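Chemist: I'd like to ask some things about the structure below.
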Amino acid sequence: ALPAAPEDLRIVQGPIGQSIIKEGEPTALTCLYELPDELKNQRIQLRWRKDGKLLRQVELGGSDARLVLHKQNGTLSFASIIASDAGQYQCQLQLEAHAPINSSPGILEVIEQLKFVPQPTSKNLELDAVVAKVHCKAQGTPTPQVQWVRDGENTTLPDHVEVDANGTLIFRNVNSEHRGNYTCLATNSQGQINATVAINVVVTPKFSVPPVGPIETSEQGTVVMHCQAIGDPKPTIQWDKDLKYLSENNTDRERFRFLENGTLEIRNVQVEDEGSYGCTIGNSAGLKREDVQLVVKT
Ligand SMILES: *[C@@H]1O[C@H](CO)[C@@H](O)[C@H](O)[C@H]1NC(C)=O
Ligand SMILES: *[C@@H]1O[C@H](CO)[C@@H](O)[C@H](O)[C@H]1NC(C)=O
Ligand SMILES: *[C@@H]1O[C@H](CO)[C@@H](O)[C@H](O)[C@H]1NC(C)=O
Ligand SMILES: *[C@@H]1O[C@H](CO)[C@@H](O)[C@H](O)[C@H]1NC(C)=O
Ligand SMILES: *[C@@H]1O[C@H](CO)[C@@H](O)[C@H](O)[C@H]1NC(C)=O
Ligand SMILES: *[C@@H]1O[C@H](CO)[C@@H](O)[C@H](O)[C@H]1NC(C)=O
């Protein structure tokens, strides 16, 4: 129950009753004011509120951003409208220790861009994964309907593929038939947008020929240890000793032979050659390692 503000302090041109603006467009809401000279040194605040919440304020009397409030004329200016700018706006002229002067409210409606939020992207699913999900959400005016189809010659979603009420594409017990290009369509009266994404099915490496040991030999003998892998993408193999990689850069080049088929052959075995040798198999999907003990008998 604060005292009323003086009559010469007033909002001359408040916001328009209703504005409709397209997302991406600039706009501005008005709050032209008259500030009498006998208050120029008082604490006077011009505030803009959105849905009842303070949004911008500037002191009018005593002591590149997208959304700014201009001191001289009270304009709330939007350099570019975004969907969340929609709401009910009101400006206030507030002298310290007095009742605020309230403008009429102004409704700001935004014609939203038809677009995905966010835009679906390509995914790699693990073979035999129990559940895998690909979200699809869009905005627009009105809110668009979202659906999934398969791209290409056969548009039907494979078995154990479904779309839930949120537009989420769901794969159950991922198998090789799930691989393909899948299209999310968002449709309303503004048109239709189409995000097609690659859904690949990958397989972490597995040993087809794992290293097998213990490998026992005598000094000056020759040993071989094997490593071959399968997977999708085609895995690479890498030899280590005690988790330290092995190559020509750190082994005797006339004794250690790294064959193309994954086999490691050690000629003229020495006592120091003993230890734990490992093969790591890897692709873009994952990694595995298996090790073997090399025993050198005196
Ligand atoms: C208020 O002043 C600013 C700064 O010059 C200007 O950009 C804006 O257009 C003005 N408001 C109106 C409604 O003209
Ligand atoms: C299209 O794909 C579905 C789902 O995998 C399958 O059941 C159907 O037989 C396919 N149709 C043709 C003509 O290949
Ligand atoms: C849809 O999303 C909401 C969250 O907005 C969640 O609570 C609900 O469980 C989801 N529905 C399904 C079927 O996943
Ligand atoms: C998707 O389309 C691209 C381009 O046509 C093609 O190379 C690819 O094999 C298709 N399928 C997947 C799973 O990416
Ligand atoms: C979706 O867009 C792709 C291009 O990315 C196109 O090849 C495909 O035919 C479109 N699908 C539909 C149902 O419009
Ligand atoms: C790799 O090739 C070498 C030489 O031909 C052979 O001795 C070895 O057994 C091969 N490894 C496997 C796992 O076949």
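Ordered as shown in the structure tokens, chains take letters A, B, and onward, while each chain numbers its residues from 1 and ligands are numbered from 1 in the order shown.
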Where does DSSP see strand (DSSP E) in region 41-179 of chain A, if you list the residues as a PyMOL selection string?
Modeler: chain A and resi 44-50+53-59+67-69+76-78+87-95+101-102+106-111+115-116+123-126+131-134+138-139+145-150+161-163+169-172
Chemist: Pick out the residues sitting within 7 Å of region 254-269 of chain A, and hand them over as number ranges by chain; count only C-alpha atoms, and ignore anything fewer than 5 positions along from it in its own chain.
Modeler: A: 219-228, 237
Chemist: Between chain A and ligand 3, at 10 Å or less, what are the per-residue closest atom pairs and their distances in Å? Count only C-alpha atoms and all ligand atoms, order by chain and rising residue number, and return it as a Markdown table.
Modeler:
| residue | atom | partner | partner_atom_place_in_ligand_line | distance |
| --- | --- | --- | --- | --- |
| A:163 | CA | ligand 3 | 13 (C) | 8.9 |
| A:164 | CA | ligand 3 | 13 (C) | 5.3 |
| A:165 | CA | ligand 3 | 13 (C) | 5.3 |
| A:166 | CA | ligand 3 | 1 (C) | 4.9 |
| A:167 | CA | ligand 3 | 1 (C) | 8.5 |
| A:168 | CA | ligand 3 | 14 (O) | 7.6 |
| A:170 | CA | ligand 3 | 14 (O) | 9.9 |
Chemist: Can you write just those residues out, N, CA, C and O atoms, as a short mmCIF file (atom, residue, chain, number, x, y, z; two decimals), in the first residue's frame?
Modeler:
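Listed below is the output, out-v1.cif:
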data_model
loop_
_atom_site.label_atom_id
_atom_site.label_comp_id
_atom_site.auth_asym_id
_atom_site.auth_seq_id
_atom_site.Cartn_x
_atom_site.Cartn_y
_atom_site.Cartn_z
N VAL A 163 8.23 -46.70 -33.14
CA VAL A 163 8.26 -45.30 -32.74
C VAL A 163 7.28 -45.13 -31.58
O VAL A 163 6.12 -45.52 -31.69
N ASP A 164 7.77 -44.56 -30.47
CA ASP A 164 6.90 -44.33 -29.33
C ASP A 164 6.17 -43.00 -29.49
O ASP A 164 6.34 -42.28 -30.48
N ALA A 165 5.35 -42.66 -28.49
CA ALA A 165 4.53 -41.45 -28.57
C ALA A 165 5.34 -40.16 -28.59
O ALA A 165 4.79 -39.11 -28.95
N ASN A 166 6.62 -40.20 -28.24
CA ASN A 166 7.48 -39.02 -28.28
C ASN A 166 8.24 -38.87 -29.59
O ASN A 166 9.13 -38.02 -29.68
N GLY A 167 7.92 -39.68 -30.59
CA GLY A 167 8.66 -39.66 -31.83
C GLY A 167 10.01 -40.32 -31.78
O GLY A 167 10.82 -40.13 -32.70
N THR A 168 10.29 -41.10 -30.73
CA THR A 168 11.59 -41.74 -30.57
C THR A 168 11.61 -43.06 -31.32
O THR A 168 10.77 -43.94 -31.07
N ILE A 170 12.89 -46.62 -31.90
CA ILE A 170 13.37 -47.59 -30.92
C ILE A 170 13.71 -48.89 -31.64
O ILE A 170 12.85 -49.50 -32.29
#
Chemist: For a test of reading the model, state the distance in Å between CA of residue 23 (chain A) and atom 8 (C, counted along the ligand's line) of ligand 5, rounded to one decimal.
Modeler: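 Interatomic distance here is 26.7 Å.
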Chemist: Name each residue within 7 Å of ligand 4, counting only C-alpha atoms and all ligand atoms, as an mmCIF file with N, CA and C atoms, in the first residue's frame.
Modeler:
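Output below, filename result.cif:
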data_model
loop_
_atom_site.group_PDB
_atom_site.id
_atom_site.type_symbol
_atom_site.label_atom_id
_atom_site.label_comp_id
_atom_site.auth_asym_id
_atom_site.auth_seq_id
_atom_site.Cartn_x
_atom_site.Cartn_y
_atom_site.Cartn_z
ATOM 1 N N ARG A 179 20.266 -52.167 -39.975
ATOM 2 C CA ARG A 179 21.100 -51.179 -40.645
ATOM 3 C C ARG A 179 20.354 -50.524 -41.802
ATOM 4 N N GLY A 180 20.477 -49.206 -41.906
ATOM 5 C CA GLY A 180 19.892 -48.507 -43.031
ATOM 6 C C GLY A 180 19.840 -47.018 -42.771
ATOM 7 N N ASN A 181 19.259 -46.319 -43.735
ATOM 8 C CA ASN A 181 18.982 -44.899 -43.604
ATOM 9 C C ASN A 181 17.532 -44.727 -43.189
ATOM 10 N N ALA A 198 22.003 -41.949 -41.139
ATOM 11 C CA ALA A 198 22.543 -43.294 -41.298
ATOM 12 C C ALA A 198 22.531 -44.015 -39.955
ATOM 13 N N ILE A 199 21.895 -45.178 -39.908
ATOM 14 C CA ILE A 199 21.863 -46.019 -38.718
ATOM 15 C C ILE A 199 22.662 -47.273 -39.051
ATOM 16 N N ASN A 200 23.896 -47.330 -38.575
ATOM 17 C CA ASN A 200 24.752 -48.474 -38.826
ATOM 18 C C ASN A 200 24.719 -49.434 -37.646
#
Chemist: Find the residues around region 86-97 of chain A up to 8 Å (only C-alpha atoms counted), leave out those fewer than 2 positions away in its own chain, and share them as a ChimeraX atom specification.
Modeler: /A:2-3,5,9-11,14-15,31,42-52,83-84,99-110
Chemist: Find the residues near region 71-73 of chain A: any atom within 7 Å, counting only C-alpha atoms, skip ones fewer than 2 places away on the same chain, and give them as a compact mmCIF listing (two decimals) with C-alpha atoms, in the first residue's frame.
Modeler:
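Once everything was written out, this is around_32.txt:
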# COMPACT_ATOMS: atom_id res chain seq x y z
CA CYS A 31 7.20 2.01 -23.24
CA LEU A 32 7.51 5.72 -24.02
CA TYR A 33 7.55 7.63 -20.74
CA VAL A 58 17.18 0.64 -16.39
CA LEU A 60 16.01 6.73 -15.31
CA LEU A 69 16.15 -1.91 -23.06
CA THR A 75 11.85 0.52 -25.97
Chemist: For ligand 1, which of A:120, A:12, A:138, A:295 is the closest residue, counting only C-alpha atoms and all ligand atoms?
Modeler: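 The answer is A:12, which sits nearest to ligand 1.
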Chemist: All residues within 8 Å of ligand 2 are required, counting only C-alpha atoms and all ligand atoms; please report them as a PyMOL selection string.
Modeler: chain A and resi 154-159+177
Chemist: Would you write out those residues with N, CA, C and O atoms, as a short mmCIF file (atom, residue, chain, number, x, y, z; two decimals), in the first residue's frame?
Modeler:
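out.cif, freshly written:
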data_model
loop_
_atom_site.label_atom_id
_atom_site.label_comp_id
_atom_site.auth_asym_id
_atom_site.auth_seq_id
_atom_site.Cartn_x
_atom_site.Cartn_y
_atom_site.Cartn_z
N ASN A 154 12.60 -49.94 -49.70
CA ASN A 154 11.60 -50.48 -48.79
C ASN A 154 11.47 -49.52 -47.61
O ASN A 154 12.37 -49.46 -46.76
N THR A 155 10.36 -48.79 -47.55
CA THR A 155 10.16 -47.73 -46.57
C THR A 155 9.66 -48.25 -45.22
O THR A 155 9.59 -47.47 -44.26
N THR A 156 9.32 -49.53 -45.13
CA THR A 156 8.81 -50.10 -43.89
C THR A 156 9.93 -50.19 -42.85
O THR A 156 11.06 -50.56 -43.17
N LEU A 157 9.60 -49.85 -41.61
CA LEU A 157 10.54 -50.05 -40.51
C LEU A 157 10.71 -51.55 -40.26
O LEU A 157 9.70 -52.27 -40.17
N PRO A 158 11.93 -52.05 -40.14
CA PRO A 158 12.13 -53.49 -39.91
C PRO A 158 11.46 -53.95 -38.63
O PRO A 158 11.05 -53.17 -37.77
N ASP A 159 11.35 -55.27 -38.51
CA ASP A 159 10.78 -55.87 -37.31
C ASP A 159 11.63 -55.51 -36.10
O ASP A 159 12.85 -55.35 -36.19
N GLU A 177 19.78 -56.69 -39.85
CA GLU A 177 18.73 -56.14 -40.70
C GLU A 177 18.32 -54.73 -40.31
O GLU A 177 17.63 -54.06 -41.08
#
Chemist: Kindly give the distance, in Å, that separates CA of residue 281 (chain A) and CA of residue 207 (chain A), rounded to a single decimal.
Modeler: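 Atom-to-atom, CA of residue 281 (chain A) to CA of residue 207 (chain A), that is 7.7 Å.
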Chemist: Choose the residue, out of A:176, A:194, A:119, A:147, that has the smallest atom-to-atom separation from ligand 5; count only C-alpha atoms and all ligand atoms.
Modeler: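 Under the stated criterion, the closest residue is A:194.
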Chemist: Using only C-alpha atoms and all ligand atoms, what are the residues with an atom within 9 Å of ligand 5, set out as a list in words?
Modeler: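 With only C-alpha atoms and all ligand atoms and a cut-off of 9 Å, ligand 5 is contacted by residues 149, 150, 151, 152, 155, 182, 183, 184, 185, 192, 193, 194, 195, 196 and 197 of chain A.
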Chemist: Output C-alpha atoms of each residue in that selection to a file, as a tab-separated table (two decimals), in the first residue's frame.
Modeler:
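Output file again_4.tsv is given in full below:
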chain	number	residue	atom	x	y	z
A	149	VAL	CA	10.09	-44.11	-42.07
A	150	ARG	CA	12.89	-46.10	-43.64
A	151	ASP	CA	14.67	-44.50	-46.58
A	152	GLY	CA	15.22	-46.34	-49.83
A	155	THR	CA	10.16	-47.73	-46.57
A	182	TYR	CA	16.01	-43.71	-41.56
A	183	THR	CA	13.99	-40.56	-42.16
A	184	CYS	CA	12.32	-38.40	-39.53
A	185	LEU	CA	9.55	-36.24	-40.99
A	192	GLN	CA	7.51	-30.61	-43.98
A	193	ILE	CA	11.11	-31.11	-42.91
A	194	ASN	CA	13.05	-34.32	-43.39
A	195	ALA	CA	16.16	-35.41	-41.50
A	196	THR	CA	17.54	-38.67	-42.91
A	197	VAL	CA	20.27	-40.28	-40.80
Chemist: Quick one: of A:74, A:22, A:36, A:55, who's nearest to ligand 1, counting only C-alpha atoms and all ligand atoms?
Modeler: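 The closest residue to ligand 1 is A:74.
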Chemist: Hey, which of A:275, A:286, A:211, A:233 ends up closest to ligand 6? Count only C-alpha atoms and all ligand atoms.
Modeler: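 Of the candidates, the smallest distance to ligand 6 is held by A:211.
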Chemist: Between CA of residue 98 (chain A) and CA of residue 6 (chain A), what is the distance, to one decimal in Å?
Modeler: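 Atom-to-atom, CA of residue 98 (chain A) to CA of residue 6 (chain A), that is 8.9 Å.
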Chemist: If you count only C-alpha atoms, which residues fall within 8 Å of residue 145 (chain A), apart from same-chain ones fewer than 4 positions away, as a ChimeraX atom specification?
Modeler: /A:185-188
Chemist: Can you spit out the residues from that selection as a PDB file, in the first residue's frame, using C-alpha atoms?
Modeler:
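Result saved to part36.pdb:
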ATOM      1  CA  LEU A 185       9.547 -36.242 -40.991  1.00  0.00           C
ATOM      2  CA  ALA A 186       8.097 -33.245 -39.145  1.00  0.00           C
ATOM      3  CA  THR A 187       4.872 -32.010 -40.733  1.00  0.00           C
ATOM      4  CA  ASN A 188       2.442 -29.163 -40.086  1.00  0.00           C
TER       5      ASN A 188
END
Chemist: Which residue, A:26, A:129, A:293, A:137, has the smallest gap to residue 117 (chain A) when you use only C-alpha atoms?
Modeler: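 Selected residue with least distance to residue 117 (chain A): A:137.
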Chemist: In region 144-281 of chain A, what's helix (DSSP H, G or I) per DSSP? Answer as a list in words?
Modeler: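 Put together, the selection reads residues 176, 177, 178, 271, 272 and 273 of chain A.
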Chemist: Would you mind exporting the chosen residues as a PDB file, in the first residue's frame, restricted to N, CA, C and O atoms?
Modeler:
ATOM      1  N   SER A 176      21.441 -57.358 -37.737  1.00  0.00           N
ATOM      2  CA  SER A 176      22.053 -56.788 -38.935  1.00  0.00           C
ATOM      3  C   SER A 176      21.019 -56.198 -39.889  1.00  0.00           C
ATOM      4  O   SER A 176      21.342 -55.287 -40.661  1.00  0.00           O
ATOM      5  N   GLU A 177      19.780 -56.691 -39.854  1.00  0.00           N
ATOM      6  CA  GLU A 177      18.730 -56.138 -40.704  1.00  0.00           C
ATOM      7  C   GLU A 177      18.322 -54.726 -40.306  1.00  0.00           C
ATOM      8  O   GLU A 177      17.625 -54.063 -41.080  1.00  0.00           O
ATOM      9  N   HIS A 178      18.719 -54.256 -39.123  1.00  0.00           N
ATOM     10  CA  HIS A 178      18.331 -52.921 -38.690  1.00  0.00           C
ATOM     11  C   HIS A 178      19.115 -51.830 -39.400  1.00  0.00           C
ATOM     12  O   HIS A 178      18.663 -50.679 -39.426  1.00  0.00           O
ATOM     13  N   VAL A 271      66.502 -65.063 -22.655  1.00  0.00           N
ATOM     14  CA  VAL A 271      65.840 -65.194 -21.360  1.00  0.00           C
ATOM     15  C   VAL A 271      65.012 -63.954 -21.044  1.00  0.00           C
ATOM     16  O   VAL A 271      63.963 -64.050 -20.394  1.00  0.00           O
ATOM     17  N   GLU A 272      65.453 -62.776 -21.494  1.00  0.00           N
ATOM     18  CA  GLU A 272      64.693 -61.561 -21.227  1.00  0.00           C
ATOM     19  C   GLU A 272      63.400 -61.497 -22.029  1.00  0.00           C
ATOM     20  O   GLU A 272      62.479 -60.775 -21.633  1.00  0.00           O
ATOM     21  N   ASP A 273      63.305 -62.244 -23.134  1.00  0.00           N
ATOM     22  CA  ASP A 273      62.094 -62.242 -23.948  1.00  0.00           C
ATOM     23  C   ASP A 273      60.870 -62.708 -23.175  1.00  0.00           C
ATOM     24  O   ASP A 273      59.743 -62.414 -23.591  1.00  0.00           O
TER      25      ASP A 273
END
Chemist: Give me the residues within 9 Å of residue 112 (chain A) as a PyMOL selection string, counting only C-alpha atoms and dropping any in the same chain fewer than 5 places off.
Modeler: chain A and resi 21-24+82-83+139-143
Chemist: Could you take the residues named above and write them with N, CA, C and O atoms, as a tab-separated table (two decimals), in the first residue's frame?
Modeler:
chain	number	residue	atom	x	y	z
A	21	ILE	N	5.03	-12.00	-34.53
A	21	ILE	CA	6.31	-11.82	-35.18
A	21	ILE	C	6.87	-13.19	-35.54
A	21	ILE	O	6.62	-14.18	-34.85
A	22	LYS	N	7.60	-13.24	-36.64
A	22	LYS	CA	8.20	-14.49	-37.10
A	22	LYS	C	9.56	-14.66	-36.44
A	22	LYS	O	10.34	-13.71	-36.35
A	23	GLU	N	9.83	-15.87	-35.96
A	23	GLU	CA	11.15	-16.19	-35.45
A	23	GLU	C	12.19	-15.84	-36.50
A	23	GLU	O	12.02	-16.15	-37.69
A	24	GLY	N	13.24	-15.14	-36.08
A	24	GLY	CA	14.27	-14.66	-36.98
A	24	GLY	C	14.15	-13.19	-37.33
A	24	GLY	O	15.14	-12.59	-37.78
A	82	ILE	N	13.42	-15.12	-31.03
A	82	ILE	CA	13.51	-16.56	-30.89
A	82	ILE	C	12.20	-17.06	-30.28
A	82	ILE	O	11.44	-16.29	-29.68
A	83	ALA	N	11.95	-18.36	-30.45
A	83	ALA	CA	10.66	-18.94	-30.07
A	83	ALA	C	10.32	-18.65	-28.61
A	83	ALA	O	9.16	-18.37	-28.28
A	139	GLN	N	10.08	-28.24	-33.70
A	139	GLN	CA	9.23	-27.12	-33.34
A	139	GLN	C	8.60	-26.56	-34.61
A	139	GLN	O	8.94	-26.96	-35.73
A	140	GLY	N	7.70	-25.63	-34.43
A	140	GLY	CA	6.95	-25.05	-35.53
A	140	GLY	C	5.62	-24.52	-35.02
A	140	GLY	O	5.22	-24.76	-33.89
A	141	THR	N	4.95	-23.78	-35.89
A	141	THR	CA	3.65	-23.19	-35.55
A	141	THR	C	2.62	-23.64	-36.56
A	141	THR	O	2.66	-23.19	-37.72
A	142	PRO	N	1.67	-24.53	-36.20
A	142	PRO	CA	1.56	-25.20	-34.91
A	142	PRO	C	2.62	-26.28	-34.73
A	142	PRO	O	3.33	-26.59	-35.69
A	143	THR	N	2.72	-26.83	-33.52
A	143	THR	CA	3.70	-27.86	-33.24
A	143	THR	C	3.55	-29.00	-34.25
A	143	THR	O	2.43	-29.50	-34.44
